[PDB]
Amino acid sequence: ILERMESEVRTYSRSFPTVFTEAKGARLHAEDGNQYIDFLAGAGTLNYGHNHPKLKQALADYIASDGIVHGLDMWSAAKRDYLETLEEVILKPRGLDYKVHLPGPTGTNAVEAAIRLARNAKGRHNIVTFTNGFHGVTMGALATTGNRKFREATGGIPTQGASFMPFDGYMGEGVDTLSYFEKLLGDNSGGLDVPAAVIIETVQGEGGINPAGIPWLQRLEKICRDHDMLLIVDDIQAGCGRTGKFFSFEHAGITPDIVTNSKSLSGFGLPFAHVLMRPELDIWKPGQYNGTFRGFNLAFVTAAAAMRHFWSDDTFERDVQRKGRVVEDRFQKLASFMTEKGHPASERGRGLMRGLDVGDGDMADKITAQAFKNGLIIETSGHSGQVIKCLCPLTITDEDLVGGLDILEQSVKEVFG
């Protein structure tokens, strides 16, 4: 543990300062024997847990057979199979018609390829983004990202090409934030340049687990159709079954014009990403956008295996909704306890993307560091880090689930004397 070598732009080796060894399911091991229940799961990257056996076999068998790893754009059997499976298993049973673009294997890369697409498809530079939205930190993505910490660090380069509307609930309760947006769309001097696209998370991740209301989602969708705006849904953290459906926008029965995916798309933790799009929007011309690792064949293999093993029927999906309910129940209890001790707290979320909003980052950091000492890995989000996220693996055993929540509850109580 003498890593003087890594930069000072670290995050997770200051919060959880140990050397991790092996991993399976939701259990992680460290060099000193210690074992941890994982409610972080790589920030929503391990929706199927660490090193799932069916994925681990598919990947290994492919490596053993000397399947090409680095394909760039080239057709390969893995790529063909991936697109086959995604259309057969996911897209068609949900009535969705999309073509796939593969950009660089990162969320920010998908986001940059989606907004650039939208900009070219409509002839307009402006992207409407939402309060507390996170979408990545590359200069292009960064324009849609609201966090001052990232934005103040560019080095003298103001972002451009993006306008912020208030997300659902930002002005109170009941207050329609979309009506302000509707008025700005119709006001020539309002200050809102006509957007090529609205970009939205259905449940805001880094922004503090803020799940958009279904009627709100549906009205935004009609607002877009009525105003020649593509709806980009960023399903990079909320998707791949995290909110209890495969795509988080299923709950509202909307069909977004463009969808980005990344984190758990590969199932194993392999860097992977893509951008679904309605066919007619495929206005790209050959080679206008690229990225060395746009053809990561190993990610193709584990993604196909994950779709076939988990999304062939509704069983898994319905088991996430059910696991969500228990996390929801035990977070509400925790907010009740905190509230009655005179520290206001509340619960929100959707599926297994759930949040315990304590007062302030100082309280959340106490509850979190204590849970780490007690054997649970859980982390924060929100503008202040005041929301304790459940981002556990969707596959988590019931013992490991109730086992992690117990450790959380014990840690809250220990913090509260």
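Residue positions are given as counts along the sequence shown, with the first one as 1.
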Fill in the blank from the handout: The stretch carrying the higher mean Cα B factor in the deposited entry, 26-34 or 42-50, is 26-34
Handout entry: Greater mean Cα temperature factor according to the PDB record, 392-400 or 8-16
Key = 8-16
Problem - Candidate set 280, 81, 234, 257 [ranked by C-alpha B-factor, highest] - result: 280
Practice task
Using the entry's values, work out which of 286, 267, 136, 166 has the largest Cα B factor.
Solution key: 286
Fill in the blank from the handout: Of the three thirds of Cα B-factor ranks in this chain, residue 369 occupies the highest
Problem - Lowest, middle or highest third - CA B-factor, residue 120 - result: middle
Exercise for the section: Just say lowest, middle or highest third for the CA B-factor of residue 158 relative to the other modelled residues in its chain. Expected result: lowest
Exercise for the section: Taking the chain's C-alpha temperature factors as the reference, tell me which third residue 375 falls into: lowest, middle or highest. Expected result: highest
Completion exercise
Of the three thirds of Cα B-factor ranks in this chain, residue 140 occupies the lowest
